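Peer 1: Coordinates for the following, if possible.
(chains A, B, C and D)
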Amino acid sequence: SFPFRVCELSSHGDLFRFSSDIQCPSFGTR
Amino acid sequence: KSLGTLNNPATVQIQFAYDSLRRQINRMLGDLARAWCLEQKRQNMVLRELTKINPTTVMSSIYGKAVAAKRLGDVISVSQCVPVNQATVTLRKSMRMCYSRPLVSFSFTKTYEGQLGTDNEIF
Amino acid sequence: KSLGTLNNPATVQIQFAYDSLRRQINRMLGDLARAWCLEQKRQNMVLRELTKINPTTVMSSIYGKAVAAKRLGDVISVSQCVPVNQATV
Amino acid sequence: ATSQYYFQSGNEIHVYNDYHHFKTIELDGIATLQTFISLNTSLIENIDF
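Peer 2: Residues are numbered from 1 along each chain as shown, chains lettered A, B, ... in the order given. The structure is reproduced below:
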């Protein structure tokens, strides 16, 4: 499940940004 | 010529029962979907707010796997988590971080000494 | 001998209507239960995270009754709450 | 020392390094994290008896 890890890394890597406005899905028809 | 009427006056009423019950269930599903949409919108804010305190735990739960992160600005950068093998653990029985987390050492991978973290993660 | 057929061609179609509607509702309930499971898993993390700031308020809401707590380590210890009477303020 | 900050303002992202800016990227230039645990219920079908 949760293995021991000694990464402790804060260098350059993949970036991700939080969304600001979630679009609501729709399914109406007919 | 003539049209072949069948003496089954029950087919039309069975269709109404199915059609009537279908219309109401589909309306309930639409009402429930709208409520879930608003709740998920609020939960997004509560997740962003908590990320400013302990980014590692919040990011790990979102991904579902152990990762590492560091918020050096408004955009959070995710690093990769390198694991280690259970080969050497040290548990000193004295604390003298203000001696809060225990001074521990490990080996294999690399070897070093440090303070035990949280969720079976070592510095 | 013979089998006693009844001239009721509607019983079979009524059974299909009930059976068809039963199959779809039970599938919707399963889909909804899975979504609620994931939400509750996330809410567990948000509760543990907030306990590190104000343990007393978080613990009281979870229990539903006024209690006292103090986080002296990774395991939270719950003490008992002794009340007082409105006699002097 | 090294200081990667890259704030965001309006419909624009300004990237700063070592207390200095050198690039500008649109919002779509960076992937967006999503947390939308959602139902997948399906409306019940239509049947002609």
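Peer 1: max-length helix in chain B?
Peer 2: helix B:11-51 (DSSP state H).
Peer 1: relative orientation of that helix and helix C:11-51 in degrees?
Peer 2: Angle between the axes of helix B:11-51 and helix C:11-51 is 10 degrees (criterion: axes from the mean of the first three to the mean of the last three CA atoms, to 10 degrees).
Peer 1: Which strands or helices does helix B:11-51 pack on?
Peer 2: The contact analysis (3 or more CB pairs under 8 Å, 6 or more residues apart in numbering or on different chains; DSSP states H and E) places helix B:11-51 against strand A:14-18, helix B:55-63, helix C:11-51. In this view, the C-beta of every residue, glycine as well, is placed from N, C-alpha and C.
Peer 1: next one: that helix to chain centre, how far?
Peer 2: 22 Å (CA atoms, centre = their mean, to the nearest Å).
Peer 1: thought residue B:21 was touching residue C:21?
Peer 2: Yes: applying CB atoms under 8 Å, one finds residue B:21 in contact with residue C:21, separated by 6.5 Å.
Peer 1: Pull the contacting residues for residue A:29.
Peer 2: Residue A:29 makes no contacts at all, as judged by CB atoms under 8 Å, 6 or more residues apart in numbering or on different chains.
Peer 1: repeat for residue B:29
Peer 2: Contacts of residue B:29 (CB under 8 Å, 6+ apart): C:28, D:41, D:43.
Peer 1: how about 6 Å then?
Peer 2: When contacts are counted by CB atoms under 6 Å, 6 or more residues apart in numbering or on different chains, residue B:29 touches residue D:41.
Peer 1: Run through the residues that contact the residue of chain D found nearest chain A.
Peer 2: Proximity of chain D to chain A (CB to the nearest CB) peaks at residue D:33, 4.4 Å away. Applying CB under 6 Å, 6+ apart to residue D:33 gives the contacts A:16, A:18.
Peer 1: Not counting its neighbours along the chain, what's nearest residue B:46?
Peer 2: residue C:46 (6.7 Å; CB to CB, 6 or more residues apart in numbering or on different chains).
Peer 1: bridging residues for the residue nearest to the spatial centre of chain D?
Peer 2: Nearest to the geometric centre of chain D sits residue D:32, at 2.4 Å (CA atoms, centre = their mean). When assigned by DSSP bridges, residue D:32 has beta-bridge partners residue A:17.
Peer 1: Wasn't residue A:2 part of a strand?
Peer 2: No: counting by DSSP: H, G, I helix; E, B strand; the rest coil, residue A:2 is located in no strand; its state is coil.
Peer 1: any idea how far it is from residue B:115?
Peer 2: To residue B:115, residue A:2 is 18 Å away according to CB to CB, to the nearest Å.
Peer 1: Residue D:48 too?
Peer 2: Counting by CB to CB, the gap from residue D:48 to residue B:115 is 70 Å.
Peer 1: Neighbours of residue 27, how many?
Peer 2: As the question left the chain open, I've gone with chain A. Residue A:27 has 11 neighbours, counted by other CB atoms under 10 Å in any protein chain shown.
Peer 1: was after chain D, sorry
Peer 2: Neighbour number of residue D:27 under other CB under 10 Å is 13.
Peer 1: quick one, phi psi at it?
Peer 2: Main-chain torsions, residue D:27, degrees, to the nearest 10: phi -60, psi -40.
Peer 1: How about the contacts made by the residue in chain D positioned nearest to chain B?
Peer 2: Taking CB to the nearest CB, chain B has its nearest neighbour within chain D at residue D:5, 4.3 Å off. Residue D:5 makes contacts with B:73, D:16, as judged by CB under 6 Å, 6+ apart.
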